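Coming up are structure 1 and structure 2: the same protein chain in two forms, each one given alone as C-alpha cells.
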Structure 1
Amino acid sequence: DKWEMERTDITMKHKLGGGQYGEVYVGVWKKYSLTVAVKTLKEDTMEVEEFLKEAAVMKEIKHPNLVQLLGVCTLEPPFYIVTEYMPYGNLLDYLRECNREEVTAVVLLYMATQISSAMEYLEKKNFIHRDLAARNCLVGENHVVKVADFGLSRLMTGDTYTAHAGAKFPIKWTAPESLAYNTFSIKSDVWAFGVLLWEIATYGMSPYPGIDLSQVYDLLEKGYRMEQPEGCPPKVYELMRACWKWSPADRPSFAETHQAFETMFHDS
C-alpha cells in the first residue's frame, strides 16, 4: 500500500527513551533529513499478526493530538513501523522538569484538553488504547501534546477486550475490572485518563504513594481514591472522580470529558 517505505532510507540510531518503550528506536529518514521513531519486531514478539494489526489501526488515525504514522516496512523482515519523532520527550518528564511559571494551571488545562480530544477521536473510532499515562504522552513545540498510538486495538463500543492470562499491566493506572478480570474497554481507558489527569495536576508525582501494588484493588474496592491535590480546582477533581467510578458505565465518555475541559476554559 501507500504506507510502505524503503528500510534502507532509514539510519537507525539508539533505542528511544533509554529503552523504556521496548524495541522502539530513534532513526533518521536520510533523504528528508528527518528524525523519526521506529518500532521494530524483535525477539519480544513471536506475534507477527499482532504487530500487523497494530500497524493497521495506525493507518486509520489522523488527529492533531495523536502521534502521526509516516510509514511501515512489512514487505520483508524485520517489520518496522515509522512515526514522527517528538523532540521534547514524554509529558511525565516534562512536568517534573518544567518551570512552573511557564507551565501554569492554564497550560495544564490545555494539556489535559488536547489529550481528551485525542481520546474522544479514538472512542469515536472504536479503538482502545490500554496504556494511557503521562509517560505515554509526548510534548512538542508550544505545549502541543500527542498521545502515543502504538499498541492500539479494534473494539466496538458495547464490546470488551480480554487480555491473555498472565498479561502484566501498569497496576496504578488500571481499572478495577481490568485488575480483577483482565477485561478492558473504552471505559477502562477513561479510568486511566483520570489517573493521567492526577499526574498532570501534581506535575508528575507517582500515584498512590506508599501503597503496595498488592493493595491497590482492595483500596479501590473499599471505595478509597486518591485525594484532591493541593490547588486542584474542585471541578477538575470532580471529573477525576467521575473517571474513577466503580461501574464502568457510570464513568463519563471521552466526548463528555473533552466537553468538560472546553467548558472549564470558558468558565475561567
Structure 2
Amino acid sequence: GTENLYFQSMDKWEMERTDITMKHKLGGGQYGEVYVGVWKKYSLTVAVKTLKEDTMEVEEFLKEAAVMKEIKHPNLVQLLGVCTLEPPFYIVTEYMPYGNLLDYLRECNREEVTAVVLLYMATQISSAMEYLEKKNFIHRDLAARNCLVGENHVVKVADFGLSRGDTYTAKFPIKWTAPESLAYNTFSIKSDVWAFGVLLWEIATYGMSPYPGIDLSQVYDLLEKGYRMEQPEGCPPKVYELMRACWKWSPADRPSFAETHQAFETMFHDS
C-alpha cells in the first residue's frame, strides 16, 4: 500500500548519483576506482567506489554492495548508499580522515600513538572480526593496509578488493596468508585469524613490512619448519603470546576472534 506507493522501486540504500559531487581520486590509484565526494544534502565528505561502463567485474561489484547492506558494526566501514540502477555503479561509504592504518602507523607521531592507543586500535579490529565470525562471514584479506582510521583513534576494518609490488603475487599477499590458504586455497575465519596475527605485528612495529630478513619464496617452508616472526621491540609478552596463538599451524588450534577480543580486554584489566 502506502509503502509500495511511496517506495515503488529499489531499496532504501539506493541514491541518485547526482546527490554526490565527485571531487578527485583518493589515494592516487592505491584503492582502485575510489573517489572523494561530497554528499550535498548533508555537506558530508564521503568515499565512493565506482565501476565504469566496460569491465568484467559487474557481478563482484553487485555482490559487494549486497554484502555491505547486510553488515553493520562500529568497526566496519559504514555503507551510506549505492547507485546500482545503471553504470557507472557507486558504493558510497563514510570518509575516514586519517586514511589507511598502515600509512598512519608509519607516518604518525609516537608521542600521541602510545601503547594504550595501539591496544585500542587492535581491540577494535578484533571486535569487527568477532562480528564477522559470528555472522558467518570471512574477510579473506585482513591487513593494516585494509583498515581505516577516523577521529579519536577509531579504527575500522575495510576491504578495498585490491589483489590487482610484491604484496600480492600469483593473487595472494603471501606474508599475510595462512599455510592452508597458500597450500590448498582453503580460506576460513581461521585463516583470517592468522592474518590478524600479522596485522597485530604491523601494529606492534608501527607498520614494518613483515618477515624482514627473509626471501618471499622461502616463507611457506620456514613456517612449516616452525619459524615465526620474532617478538617486536617493546612488544608486551602478552601481545606476542596472542600473535603466536594466531599463528598456530593447524587452523583449529588458533583462537576465535571472540577469544582474541577477550584477550585484549583482559590486557586492559591486568595492566
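Each form is matched to the other, and the largest set of C-alpha atoms that superpose within 1.5 Å is called the rigid core. Residue numbering: structure 1 sequence, from 1.
- Core-based superposition between structures 1 and 2 shows that, of 235, 42, 241, 59, only 42 has its Cα displaced by 2 Å or more.
- Comparing the forms between structures 1 and 2, the C-alpha position of residue 149 differs by 2 angstroms or more, with the core used for superposition.
- Relative to the superposed core, residue 70 moves its CA by 0.4 Å between structures 1 and 2.
- Core-aligned Cα shift between structures 1 and 2 at residue 27: this is 1.7 Å.
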